[PDB]
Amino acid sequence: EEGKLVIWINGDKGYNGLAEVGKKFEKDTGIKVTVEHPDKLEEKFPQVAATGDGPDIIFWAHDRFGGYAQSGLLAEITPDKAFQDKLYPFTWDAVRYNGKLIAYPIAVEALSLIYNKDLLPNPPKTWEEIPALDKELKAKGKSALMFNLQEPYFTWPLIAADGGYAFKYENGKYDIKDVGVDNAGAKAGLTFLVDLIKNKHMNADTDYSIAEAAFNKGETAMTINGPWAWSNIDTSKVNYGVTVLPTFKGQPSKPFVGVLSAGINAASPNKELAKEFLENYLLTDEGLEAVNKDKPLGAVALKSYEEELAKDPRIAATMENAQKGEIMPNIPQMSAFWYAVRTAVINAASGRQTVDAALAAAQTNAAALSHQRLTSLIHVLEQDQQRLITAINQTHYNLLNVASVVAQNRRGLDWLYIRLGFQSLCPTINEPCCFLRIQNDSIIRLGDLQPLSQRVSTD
C-alpha cells in the first residue's frame, strides 16, 4: 500500500477518465493508481478510515468533509501560494474547516432543469404549471417530469424555494440549533411535491436510474440532474437543453451547491504522492479534461480550464442555478441534516407520514447529530428484532417438521410390534411412554410484538 495510490469516487462521476489520469501518472512515475467506486462510499469511508484503512484519496462533494475532518480522518493539505492561485477562492472556501484546508476542490456542481426540446420546445418557468403540462403530455403517452425522489439533494431546491433552509447562517457562523426544515416555506415546498404524487404527476418510487432511463428514452419531458448526467444524454441522442429550475411561489428554486472535492486520508502513508497526483496531474487542463470527457464535472475550480468550460451554455445554466441556491455548509451536522430530510421526504412521498409530521420529525433530528443516531439505532434495532424473530420462528417450524417424522416413526414402531404379535412399543420394552409435547406460547408472544419504534414512543 505504500508506493501506490487507491482513490474512491462516486459511481456517477467520470471514474474511467480519472483512471486515465492515473494511467498517465503511472506512465511518468511508475506509481500504480487504482480507482474504485464502491456503493455508499460516503458512509463506507469514515468506517474504514477510522481503523487506518480506506483509500489514499476520497472524492465527494465538500459537505461531508467537515465531519470527516472532525472525526480525525483527513490530512490537512499543503498547497503552496502559487498552486492556490490556480483555483477560485470560493472553491477554497468550500474545503476550509476550522481554519484549515482539508481537501482539493475540483468542480462546482449545481442541479438544473434538463428538458427534451422535441417534446417541450419551451419549458415551464414555474413548478405550478407542471400538473397541467403533465396532463397534456400524458394524453400523448408521455409525462412532464421525472427525477430522483429517493435522495433529498434533488427535492431540496423546491423545499428551499419558499424559505426552507438547513442551518441558519449568521455572523459567518452556522447555528446548529436553528434548522429551517419545518418552517412555512419548507412545508409548502414538500406539500407541492407530495401533491404531484397524489395527483399522479410523479411516482414516489422514482429513483436515479428510473428517471435517467425515462428521460434518456424520450418518455418524460424533463428531469432534474447535475452536469455528470449530460454524458449519457448525449449518448441517447435525445435533443436536450439545460436551463434554470422552475420557480415556486415566484421564488427561484435553491439547489444546495456542491464542490466535488478530493481529500487525503490522515492514515495514508502516501500523502506526498497523493498531493503530487492531485496538484501535478488531476488539477491541470489535461487532467480535468480527461475526467470531464468521461462524465462532465461542471464548473471546474481550475481557472485556466473553467475559462473554456464557461462558454458552454450548459455551464452557464449550471452557474445560474448555483447563484440562486447556496453553497452547502461543511459542518459535521450536515450528515444529520441529510439523514433527517431523506427520511422526511420518503415518508411523506410514500404517504407513511403526513408532510407536516414528516418535517416536524426532521426538524428535531437535524437539530442534533446524536438525535439521528438514536433514530438510526431504533431503526436498525427494529430490523434486527425482525431478523431474530424470523429465525426463531423458522427453527420452531423446523422442529415441528422433525416432530412429524418422529411421530410417524413411533406409529410405525407400534404397528410393527403389534403386527409381529407383541403389545405396542412401550409396554413391550416396559418403559413409560415418552410423548411429543411442544410448547409454543413463547413463539406466539413474539408474533404479537408491534415494531420497536412504536413501542418506544408508546412507553
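Position 1 is the first residue in the sequence shown; the rest follow in order.
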May I ask you to compare 288-296 and 370-378 by their mean CA B factor in the entry and name the higher one?
-> 370-378
Given the B-factors recorded for C-alpha atoms, which segment has the greater mean, 345-353 or 259-267?
-> 345-353
Scanning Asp63, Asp56, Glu36, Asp414 for peak Cα temperature factor in the entry gives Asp414
Pick out which of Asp234, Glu109, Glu76, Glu279 has the highest C-alpha B-factor in the PDB entry.
-> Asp234
The third of the chain into which the C-alpha temperature factor of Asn203 falls is the highest
Tell me, lowest, middle or highest third: where does the Cα B factor of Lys187 rank within its chain?
-> middle
Within-chain third of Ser71 by Cα B-factor, per the entry = lowest
Lowest, middle or highest third - CA B-factor, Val406 = lowest
Compare the C-alpha B factor of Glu272 with those of the other modelled residues in its chain, then answer lowest, middle or highest third.
-> lowest
